[PDB]
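For reference, the chain that follows is the form deposited without its partner chain, supplied as structure tokens.
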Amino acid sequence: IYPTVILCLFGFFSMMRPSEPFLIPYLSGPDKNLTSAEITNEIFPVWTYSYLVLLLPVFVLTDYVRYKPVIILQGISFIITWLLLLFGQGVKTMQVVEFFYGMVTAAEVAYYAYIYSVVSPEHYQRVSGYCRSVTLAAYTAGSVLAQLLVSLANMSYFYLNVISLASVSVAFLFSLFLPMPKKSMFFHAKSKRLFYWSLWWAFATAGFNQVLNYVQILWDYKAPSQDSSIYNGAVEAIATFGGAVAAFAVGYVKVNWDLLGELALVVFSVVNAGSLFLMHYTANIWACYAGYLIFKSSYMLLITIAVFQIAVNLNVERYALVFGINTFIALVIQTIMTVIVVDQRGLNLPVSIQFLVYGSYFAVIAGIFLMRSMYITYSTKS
């Protein structure tokens, strides 16, 4: 009745942010005057470190304090992040906003744990799917709004950032009076083949997060971002719509998975690597846009399948206890690969080269997972 509507409106107004599609074009513009090397190699890598640091503390804080204060914390973190994007000028200030965005992403778990904590035991997946769909629709509508406003009204990215601050303010106001849960999930004390799909999910989502962290900066290299020649809002709206319809198509089609799940996963990883190589090698911005859509759709198929083979035979209380470990492994892998690749203390690689590395990473994951299926040679050779 009431708590679900409050959470739905909070999620919609939090996710609806026209600033995010045009972030690096706004950061690498006259408003901030930040070179691409600075954002690529000093500012953005801080997000992965902040998220990895804050994952587990936020994970236990959500459980301990009954999931509402962490939602208000995410709201005030949104407030601070977008206020400091609106009124911040400096590499250190942008590292701070990256830390606060990592805090936002870490605290996002509360928005979904509160759902299980407050809804009736009769069903959880229905309201969880509605909440996820409302967040996705909010993001898509925000991207389309940003694209339309930029294209028609000639409206600067400062005004879009203002709109995002207003939206997150309304979201925080809505999260102010969420009813309190009366129970926690595992505030008490705490198959082997699941290790396969856990590794699949961890590696694929580490690659996806690291790719998304720098897709826009790659778009910046092909065409002048500070000009109006870019189409980030429409492109990212189409990308998230394609990802959503792709994740739904996996449920629309009901095929056996215990037989060809690994084959589907390796095929999708191969397509991911191909899309990344298309992004890296091409010279046209539209080819990179199409590669982004293809990669997002293929990764969404891959992760929908991987989450199915983890969640079919898992308890609802163990869903969180397993996905927390899986995303911790994913963040460990992403932080290691970022320190080796992106961070200035490592190789200081421009985004014009990072995407070859990402495509090779996906290709190597697919190849090694196929090679682990080495039992083909032993049985066939008799």
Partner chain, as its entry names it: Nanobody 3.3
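Take the two forms, find the largest set of C-alpha atoms that superpose within 1.5 Å, and that set is the rigid core. Numbering follows the first chain given and starts at 1.
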Q) Would you say residue 187 is missing from a third or more of the other compared entries? A) yes
Missing residues of the deposited chain between residue 190 and residue 191 number 10 or more
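Absent from the display: the form solved in complex with its partner chain. The rest refers to it.
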Check, residue by residue, if 128, 314 and 318 all come within 4.5 Å of its partner chain in the deposited bound form, counting heavy atoms only.
no
None of 193, 92, 183, 123 but one has a heavy atom within 4.5 Å of its partner chain in the deposited bound form; the exception is 92
Review point. If you check in the deposited bound form, is residue 65 within 4.5 Å of its partner chain, heavy atoms only?
Key: no
Give a yes/no on whether residue 37 approaches its partner chain to within 4.5 Å in the deposited bound form, heavy atoms considered. yes
Contact label in the deposited bound form: residue 57 to its partner chain, heavy atom within 4.5 Å: no
Considering non-hydrogen atoms and a 4.5 Å limit, does its partner chain approach residue 329 in the deposited bound form? no
Of the candidate stretches 46-54, 320-328, 65-73, 338-346, the one with residues having heavy atoms within 4.5 Å of its partner chain in the deposited bound form is 338-346
Listed 89, 228, 284, 128; moving between the shown form and the other one by 2 Å or more at the CA after core fit is just 228
In the deposited bound form the CA atoms of residue 223 and residue 228, compared with here and shifted by at least 3 Å, lie closer
